[PDB]
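Below: one structure, written as structure tokens.
Numbering (the entry's author numbering), first residue to last: 1 to 330.
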């Protein structure tokens, strides 16, 4: 089997991407944030605290003939931006882009933190990291990809995120029309439950490439590119007026700037992030100070190849017995 679904930016900055997911019988379609950095599929629901729902589409398990309470199971998760959610668990039929999993754990939110409430366009998350990170207790549950894997034509999914435009998540096949040149594959460590890999270095603009190992995670659920302070300083030093602002919470730059590109290494291959992808616009409405898309990972504890990096590439998440990651230009 295979699946293919379009993923759409939630706003003009590509702050996140949503992908329609069919849950239950008859189908209830919710727009979920596919997140290769976590492993829980959770949704706004009929059980969510009413004051914490503001415009989201909810899953109502009582209206699904295939929903079953997973007795005794609870979940609770916290994300890297400080947001969180928790609740109980159903199993139900879940389909993405024509690919169907029966008995998928659908984690129903009883509580969500303020930033989720405020994100009216995100109806939940669909985790695509390794199932060892799934938070369901006392019986850990498998991700959608883990459940679908055996049935897929090939045990892979791909992320093809658009810049200020829709893109595609495919399951079970590699669309050889969706990228240019060849796919370069690179080793993955699953020791921390992430799609963790090591970039071979970087360049700023038209500058020379610096060969240096940068361990980090391919994370579709994180907006920006978070890299070591040395790398980030070298980038922003090429933008007149750019500075790190403690009050804003990262590097800002004059909105009048033309940003240089940023290149990262994948083995001997190179992915180029155009400067425009690094612009996240005014820090507040009407400001001439703009927020940067490359930020320091210092104090996160891990480097994160988020959407800013991933949207510059066609990315293969290869879930073979020994997982790997592939990157191609597009």
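All C-beta atoms in this analysis are idealised placements derived from N, C-alpha and C, irrespective of residue type, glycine included.
Within 8 angstroms, strictly: CB atoms of residue i and residue j
i	j	result
residue 92	residue 18	no
residue 83	residue 60	no
residue 292	residue 236	yes
residue 344	residue 308	There is simply no residue 344 to check, as the chain begins at 1 and stops at 330 in what is shown.
residue 41	residue 98	no
residue 85	residue 113	yes
residue 329	residue 271	yes
residue 179	residue 5	no
residue 55	residue 120	yes
residue 318	residue 96	no
residue 267	residue 200	yes
residue 294	residue 227	yes
Beta-carbon separation (whole angstroms), residue i vs residue j, contact threshold 8 angstroms
i	j	result
residue 58	residue 48	7 angstroms
residue 38	residue 129	6 angstroms
residue 13	residue 159	Not confirmed; about 18 angstroms, so no contact.
residue 260	residue 250	Between residue 250 and residue 260 the Cβ distance is about 18 angstroms, and since that is not below 8 angstroms, they are no contact.
residue 171	residue 3	4 angstroms
residue 53	residue 89	The Cβ separation is near 19 angstroms, so there is no contact.
residue 331	residue 87	Nothing about residue 331 can be read from this structure; the chain reaches only from 1 to 330.
Three-state secondary structure assigned by DSSP to residue i
i	result
residue 75	strand
residue 5	strand
residue 45	strand
residue 233	helix
residue 330	coil
residue 279	strand
residue 269	strand
residue 94	strand
residue 20	strand
residue 149	helix
residue 133	helix
residue 210	strand
residue 310	helix
residue 12	coil
residue 173	coil
residue 143	coil
residue 116	helix
residue 109	strand
residue 254	strand
residue 191	coil
residue 245	strand
residue 320	coil
Residue i to residue j span [Cα, whole Å]
i	j	result
residue 139	residue 8	33 angstroms
residue 287	residue 131	42 angstroms
residue 213	residue 297	15 angstroms
residue 191	residue 208	33 angstroms
residue 108	residue 43	5 angstroms
residue 300	residue 225	12 angstroms
residue 198	residue 187	8 angstroms
residue 264	residue 290	23 angstroms
residue 184	residue 326	5 angstroms
residue 262	residue 215	17 angstroms
residue 205	residue 65	55 angstroms
residue 232	residue 203	11 angstroms
residue 248	residue 284	10 angstroms
residue 143	residue 125	11 angstroms
residue 302	residue 81	13 angstroms
residue 258	residue 211	26 angstroms
residue 29	residue 173	24 angstroms
Per the contact definition of three or more C-beta pairs closer than 8 angstroms, is the stretch 21-37 in contact with the stretch 220-235?
-> yes
Is it true that the stretch 141-155 meets the stretch 94-113, where meeting means three or more beta-carbon pairs spaced less than 8 angstroms apart?
-> yes
Validate contact between the stretch 236-250 and the stretch 306-323 using beta carbons, cut 8 angstroms, 3 pairs = no
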